[PDB]
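Take a look at the letters that make up each chain.
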Amino acid sequence: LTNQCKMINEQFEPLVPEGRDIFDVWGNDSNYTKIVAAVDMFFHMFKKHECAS
Amino acid sequence: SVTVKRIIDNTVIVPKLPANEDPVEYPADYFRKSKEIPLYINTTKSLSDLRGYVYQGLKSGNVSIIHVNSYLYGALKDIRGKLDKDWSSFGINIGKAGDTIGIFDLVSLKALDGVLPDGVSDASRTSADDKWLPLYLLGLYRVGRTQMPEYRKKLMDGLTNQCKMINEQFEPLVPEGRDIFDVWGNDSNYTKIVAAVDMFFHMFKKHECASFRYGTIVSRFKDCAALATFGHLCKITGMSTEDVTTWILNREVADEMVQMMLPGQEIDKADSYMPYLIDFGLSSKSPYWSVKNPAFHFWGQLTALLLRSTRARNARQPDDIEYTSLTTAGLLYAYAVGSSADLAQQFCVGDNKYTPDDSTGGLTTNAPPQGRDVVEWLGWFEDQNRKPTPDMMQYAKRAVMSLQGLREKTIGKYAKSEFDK
Amino acid sequence: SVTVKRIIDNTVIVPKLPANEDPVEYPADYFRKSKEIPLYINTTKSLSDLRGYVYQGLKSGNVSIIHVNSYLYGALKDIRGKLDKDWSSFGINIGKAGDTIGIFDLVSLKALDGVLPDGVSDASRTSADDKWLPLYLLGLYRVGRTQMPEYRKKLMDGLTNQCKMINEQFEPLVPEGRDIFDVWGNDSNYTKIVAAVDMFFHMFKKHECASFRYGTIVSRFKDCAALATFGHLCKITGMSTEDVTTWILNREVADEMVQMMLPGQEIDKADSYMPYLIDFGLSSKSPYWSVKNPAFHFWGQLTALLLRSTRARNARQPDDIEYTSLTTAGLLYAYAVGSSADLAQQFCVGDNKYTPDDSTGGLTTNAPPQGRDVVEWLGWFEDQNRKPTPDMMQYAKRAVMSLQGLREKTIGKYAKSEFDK
Amino acid sequence: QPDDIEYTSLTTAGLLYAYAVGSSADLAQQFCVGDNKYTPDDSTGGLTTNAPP
Amino acid sequence: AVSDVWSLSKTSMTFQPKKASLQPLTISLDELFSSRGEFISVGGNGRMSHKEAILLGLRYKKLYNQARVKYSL
């Protein structure tokens, strides 16, 4: 909640008690793991691009 | 020593690890491609209108950096400052012997229009221009960087200095008004302004508007902690740069030292761009960070700590380095220095002490060498079976014994639990 | 030592460091370019009005320094003193033979137009000027300076000497009503008034109004702390300035000593401008700051501490200095004087103990030199293999083991955590 | 700490390796101004070999 | 006694004070050494002269350099 403020606004989404009970589901979805890996692999090649952030 | 065989199987194995190829970016290589520093500021709004968005933007916590960057340009357009000599850095002749020059005299360009906020405005303040507001914008660059429990202490002297102008006031909030200006240092353009002001007033030292440097002075060598640690070691031992180099006894430290001392970076000359390599965007990976020189950093601080350094306690203990051998090398250096105070008469009223040669040998020499010649000490340590002496360990025990309230993962904490058993 | 080779690949390395060089500013050099110390007193309109603006300004915690300056000028304006001798400092002739002189006969002018609005005032106040109010405005120079809680002893002090004329009153509040007079010492006109008053009454010590010095006295030799420790060291050793100087055993300290003792700065003059070089704007970087002589400060205070000093306990430990060498030199010196009281009979009735018949017999020795000559002690120390003796160590232990309540980063804490174990 | 492994043997091997690394530091001159130290012939002597490698 | 220079151990030497009014230091080998072994331990030979033995002998109470600047030595 500091890197998202670099662009335009400061906004926070998840809550306190069940804040972590919604992200551990995502790691089970194989397509989501394929998305974050492909993104990381892409910018590992093109580090000088501004979207490397 | 390349091919490795498994004994039982009589089979070849190739030990290998993931690659690590993150090179450092040297200041000189920037000017080798780009011959001008870009600064994108949009001047669409007047001085009075730009003043309005910031005033309420610090209170509400909703402040656009574009408005700040435009306001900082419009409040520092002063062309004050006459040069008496040539000013050139990396083949860039920005000034000559005649010109009355100002800041922003690098390369100035314009940013694309499309600033969407433009909200929460106030036309109350008018005479609060070149007084207390712009100096406070530069001062929050200091406060935002430190993530230590030291927010009030950095907001103590970065507020009282502004009261000397008109009024004693503060805008950002106490609790939530601390995370707002942490976004500021991420903005490429704002950091270019902070470095440009501080560089300019480092040249024009005597100029009456040099007071801006308060809060701006922390940008100089801000990334160059590895040069600082080296500087600090020279002062703590009282030896020259050349001679401190010869007491490097570890290969990793030597490689790092070579990296830091690459010719043609203008490190030793005063008025240069290099002290603000990251801030200007000349570099994105500084060769002078203390994370890119981990072994030298560890060996430097530890030796300084054993020599009673007041700042080495809270220094960073780096990960993934050859601790044990770096510790022995540090202990030896510290021990040589601290057991050999080269005390000599400096002044006289007629008579003085002289002993160029009167030292007799023939088993008249059990004690460690007198002086700080690494060749001699490497001789002595060789005779000590390359193993630290009860006396070396006692020196270290005495050095760290009284350290209190140390923090985790520090060089002070390492040394204490290493030498006080 | 210039060229450093790396042994492995025979590459040349050039060890260098960032330049941190700010040349010290000597008092005499000011009068090389200017012949007058300008006192921009600005506004000088109605004492009765200024009285009211100031009185409420201190009560409401919002008073303009311009109003304070103008009030102080008009209150001390008429103070006169008749000279016996000539008065000159750094070439500039202040007074002649039998002239009648005021405190402000040190160059006065007018400047920037912009009088601060009413703010807060009341006409109810009578004529209690020369009575207590200006002394208060001079005495808050002392109060708004200290970091440690001593303002609850300094503001309380401004009540014994304040009420010599009329009743008892204190204007600034307890908690946040302190930062108002903190800033004053940054308005170069105000500091010039405090220094002038003091310098005037240091000359005319017999004047009836010499008690104005109860507020201005700490303005003198402020910014010359290094000279004080040099003086303190002479008084605690009992040696001459010349003898103490022969006991410098570190090059860094010698360098600093040469800096302080530059000829032609009127340091030992009776009534000079130099005890106020900063406040009078003669200098911006005092050659006689402890900060500009770190090694000497450490060496001096430690020696004094081991000699039972009641000042040194709380003396600030500097950083970036050769602590180990300095400590040993300090100890040796401390031990020399602490072993050699040099007791001698001073008075007789008809019989006195004679020493000129015997001072040293055959063989009866194995003890330290009985004088305080550097040369004999340097000779003795080299016989002791240049390492402090158990007895030197027990001496230091005994000197520091009894002191309690030490603060951080002080000479006291350093010595205790070095010798008490 | 993993389960189902031979702790006692891995400890001895680990102790010996660490003791070997810890006893013998790198320690060699890297830079020189005029003179430098060497010892590529002088190993021991000597029979004072009541010491580790 | 042995060795060749140890005979002179009982005979004393005198060194002239460097300062105007001081007493000349009268010293001997049997005063700087306890027996015989100490002399050979510190680095002594029989082929030594009486002075060279005495100068080496100024190491018992650790007082050579102090004597060096205080006496004709």
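Residues numbered from 1 in each chain as written, not as in the entry; some residues may be left out. Chains lettered and ligands numbered in written order. Part of a larger assembly, values for the part shown. Heavy atoms only, no water.

Regarding how it was determined, this PDB entry cites X-ray crystallography in its header, along with a resolution of 2.70 Å.

Novice: Help me out: how do you make sense of the overall build of chain A in this one?
Specialist: Check the secondary structure of chain A and you find 1 helix and 0 strands. At 14 Å, chain A has a C-alpha radius of gyration far larger than the 10 Å of a compact globule built from 53 residues. For the C-alpha atoms alone, the extent of chain A along its principal axes is close to 40 × 30 × 10 Å. Looking at chain A as a whole, 4% of its 53 residues are labelled buried. Accessible area of chain A: about 5,300 Å², with a carbon and sulfur share of 60%. Averaging the positions of the 5 positive and the 8 negative side-chain charges in chain A gives two centres separated by 14 Å. (Helix = DSSP H or I, 4+ residues; strand = E, 2+ residues; numbered from the N terminus. Rg over C-alpha atoms; globule rule 2.2 N^0.38 Å. Buried < 20%, exposed > 50% of the residue type's maximum accessible area, 1.4 Å probe, protein only. Areas by Shrake-Rupley, 256 points an atom, 1.4 Å probe, with all protein chains shown as cover. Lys, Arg positive; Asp, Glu negative; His and termini not counted. Charge placed at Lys NZ, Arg CZ, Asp CG, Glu CD.)

Novice: Honestly, the interface of chain D and chain B in this entry has me stumped. Any pointers?
Specialist: In this complex, chain D contributes 18 residues to the contact, which on the side of chain B involves 24 residues. Both faces combined, the contact of chain D with chain B buries some 1,700 Å², and carbon together with sulfur accounts for 59% of it. On the chain D side of the contact with chain B, D:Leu27, D:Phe31 and D:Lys37 bury the most area, a combined 37% of that side's loss. Seen at the junction of chain D and chain B, the total is 3 residue pairs in polar contact. (Contact = heavy atoms within 4.5 Å. Buried area = accessible area lost by both parts, 1.4 Å probe. Polar contact = N/O pair within 3.5 Å; in protein donor to acceptor, adjacent residues only side chain to side chain.)

Novice: I'm lost on the packing of helix α11 (residues 323-339) of chain B against helix α13 (residues 390-400) of chain B in this one. Help?
Specialist: Packed helices, taken two at a time, are described by their axes: the angle between them and the distance between them. All names here are of chain B. Packing of α11 against α13 leaves a shortest axis separation of 10 Å and a crossing angle of 85°. The pairing of α11 with α13 is recorded here as roughly perpendicular in orientation. The residues of α13 that touch α11, namely those facing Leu331, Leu332, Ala334, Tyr335 and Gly338, are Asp391, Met392, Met393, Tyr395 and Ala396. Within the contact of α11 with α13, the residues separate by chemical class into 8 nonpolar, 1 polar and 1 charged. (Axes fitted to C-alpha atoms, helices over the stretch in contact; angles between N-to-C directions. Parallel < 35°, antiparallel > 145°, perpendicular 65-115°, else oblique. Nonpolar A, V, L, I, M, F, W, Y, C, P; charged D, E, K, R; others polar.)

Novice: Sorry, what's going on with the arrangement of the chains here?
Specialist: Between all 6 pairs of chains that are in contact, chains B and C come out with the most contacts. The two units chain A and chain C remain apart, with a minimum C-alpha distance of 30 Å. The smallest C-alpha distance separating chain D from chain E is 22 Å, and no contact links them.

Novice: Is there a simple way to think about the relation of the copies chain C and chain B in this case?
Specialist: In this arrangement, two copies of a chain are superimposed by a rotation about an axis accompanied by a shift along the axis. It takes a turn of 36° to lay chain C on chain B, together with a shift of 0.9 Å along the axis; the resulting RMSD is 0.9 Å. A different interface surface on each copy is seen, since only 7% of the contact residues of chain C are contact residues in chain B too. (Least-squares fit on C-alpha atoms.)

Novice: Sorry, what's going on with the packing of aromatic side chains here?
Specialist: Here the distance between the centres and the angle between the planes together describe a pair of aromatic rings. In this structure the tally under the stated criterion is 56 aromatic pairs over all chains. Taking the centre distance of 5.9 Å and the plane angle of 85° together, the rings of B:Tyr335 and B:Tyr395 count as edge-to-face. Within this pair, whereas B:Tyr335 is found in helix α11, its partner B:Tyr395 is found in helix α13, the two being separated by 60 residues in sequence. Of the residues examined, B:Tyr335 reaches a relative accessible area of 3% and is grouped as buried. Look at E:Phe33 and E:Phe39: their rings are 5.1 Å apart centre to centre, the planes differ by 85°, and that puts the pair in the edge-to-face class. Given the relative accessible area of 1%, E:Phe39 is considered buried. (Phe/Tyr/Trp six-rings, centres within 6.5 Å; stacked < 30°, edge-to-face > 60°.)

Novice: For this particular structure, what's the right way to read the packing of helix α2 (residues 65-76) of chain C against helix α3 (residues 133-143) of chain C?
Specialist: Residues and elements named next belong to chain C. Taken N-terminus to C-terminus, the directions of α2 and α3 make an angle of 125°; their axes are 10 Å apart at the nearest point. If you check the angle between α2 and α3, you find them oblique. Considering the relative orientation of α2 and α3, their crossing is left-handed. From α2, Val68, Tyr71, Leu72, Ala75 and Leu76 reach across to α3, where they touch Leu133, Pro134, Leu137 and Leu138. By residue class, the composition of the contact of α2 with α3 is 9 nonpolar, no polar and no charged. (Left-handed = near helix turned anticlockwise from the far one by under 90°.)

Novice: Looking at this model, I keep getting lost on unusual backbone geometry. Mind explaining?
Specialist: Where the residue is not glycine, phi is negative for most of them; where a peptide bond is considered, it is trans in most cases. For the bond running from D:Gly45 to D:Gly46, omega is 0°, close enough to zero to count as cis. Tracing the sequence through the fold places D:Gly46 in the segment after β1 (31-32). Omega for the peptide link from E:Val2 to E:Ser3 comes to 5°, which places this bond in the cis form. For E:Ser3, the location among the structural elements is in the segment before β1 (13-15). If you check the backbone angles, B:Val120 has positive phi at about 55° while not being a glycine.

Novice: How should the nonpolar core be read in this particular structure?
Specialist: Considering soluble globular proteins, one finds that nonpolar side chains tend to be buried as a cluster. Residues B:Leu332, C:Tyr273, C:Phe280 and C:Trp299 are the most contacted members of the largest nonpolar core, which totals 237 residues. With 10 residues, helix α12 (residues 323-339) of chain C is the largest single contributor of residues to this core. Ignoring sequence-local partners within four residues, the contact set of C:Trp299 consists of C:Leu233, C:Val244, C:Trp247, C:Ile248, C:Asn250, C:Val253, C:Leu326, C:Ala329, C:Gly330 and C:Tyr333. Listed in part, the 19 residues of the second largest apolar core include E:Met13, E:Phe33, E:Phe39 and E:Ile54. (Core = buried A, V, L, I, M, F, W, Y, C linked by side-chain atoms within 4.5 Å.)

Novice: When you look at the interface of chain C and chain B in this model, what are you seeing that I'm missing?
Specialist: The figure often quoted for interface size is the accessible area lost as the parts come together. The interface is formed by 55 residues belonging to chain C together with 57 residues belonging to chain B. Together chain C and chain B conceal approximately 4,900 Å² of surface at their shared face, both sides included; 57% is due to carbon and sulfur atoms. Applying the counting rule to chain C against chain B returns 6 salt bridges. Note that C:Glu322 and B:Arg372 form a salt bridge whose closest N and O atoms lie 3.2 Å from each other. (Salt bridge = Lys/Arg side-chain N within 4 Å of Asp/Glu carboxyl O.)

Novice: Explanation requested: the pattern of salt bridges in the structure shown.
Specialist: Once the charged atoms of two side chains with opposite charge are near each other, the side chains can pair. Residue and element names in this part refer to chain C. Under the definition given, this model contains 33 salt bridges over all chains. The partner of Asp29 in a salt bridge is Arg32, with the nearest N and O atoms 2.6 Å apart. Overall, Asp29 belongs to the partly exposed group, its relative accessible area being 25%. On the basis of relative accessibility, which here comes to 64%, the residue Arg32 falls in the exposed class.

Novice: When you look at the pairing of strand β6 (residues 92-95) of chain C in this model, what are you seeing that I'm missing?
Specialist: It is a general feature of regular strands that their side chains alternate between the two faces of the sheet. Residues and elements named next belong to chain C. As judged from the 3 bridges shared by strand β5 (residues 87-89) and β6, these two strands associate in the antiparallel manner. In the strand pairing of β6, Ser89 is matched with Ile92. Linkage of β5 to β6, two consecutive antiparallel strands, is achieved through a turn of 2 residues, within which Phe90 is found at a positive phi near 50°. (Pairing = 2+ DSSP bridges.)

Novice: How should the sheet that holds strand β1 (residues 4-6) of chain C be read in this particular structure?
Specialist: What holds strands together in a sheet is hydrogen bonding between their backbones, with the strands either parallel or antiparallel. Strand order in the open sheet formed by 3 strands is β2(C)-β1(C)-β1(D), and the pairing between neighbours is antiparallel. One side of each edge strand has no neighbouring strand; the edge strands of this open sheet are β2 (12-13) of chain C together with β1 of chain D. Pairing of β1(C) with β1(D) involves 2 bridges; the strand directions are antiparallel. Across the sheet, the residue bridging to C:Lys5 is D:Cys32, located in β1(D).

Novice: Sorry if this is basic, but what is going on with helix α10 (residues 251-260) of chain C here?
Specialist: Within an α-helix, residues lying three or four positions from one another point in the same direction, as the helix has 3.6 residues per turn. Residue and element names in this part refer to chain C. Among all positions of α10, only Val253, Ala254, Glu256, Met257 and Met260 are buried. One side of α10 carries all its buried residues, which in axial view fall inside an arc of 165°. Buried residues along α10 sit against α8 (225-237), α9 (241-246), α11 (294-306) and α12. (Arc of directions from axis to C-beta.)

Novice: Teacher, can you tell me more about the environment of C:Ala329 here?
Specialist: Take C:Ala329: it is sitting in helix α12. By relative accessible area, which is 0% here, C:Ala329 ends up buried. Separated by 164 residues in the primary sequence, C:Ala329 and C:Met165 have C-alpha atoms spaced 54 Å apart. Leave out the neighbours within four places in its chain, and C:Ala329 touches B:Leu343, C:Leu249, C:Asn250 and C:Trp299.

Novice: Would you mind going over a nonpolar patch on the surface with me for this structure?
Specialist: Residues and elements named next belong to chain A. On the surface, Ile22, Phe23, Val25, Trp26, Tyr32, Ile35, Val36 and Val39 cluster together into a nonpolar patch covering about 730 Å² of accessible area. Mapped onto the elements, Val25 comes out in the segment before α1 (30-45). For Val25, a relative accessible area of 54% translates into the label exposed. (Patch = residues over 30% accessible without salt bridge, like charges linked within 9 Å, V, L, I, M, F, W, Y side chains within 5 Å.)

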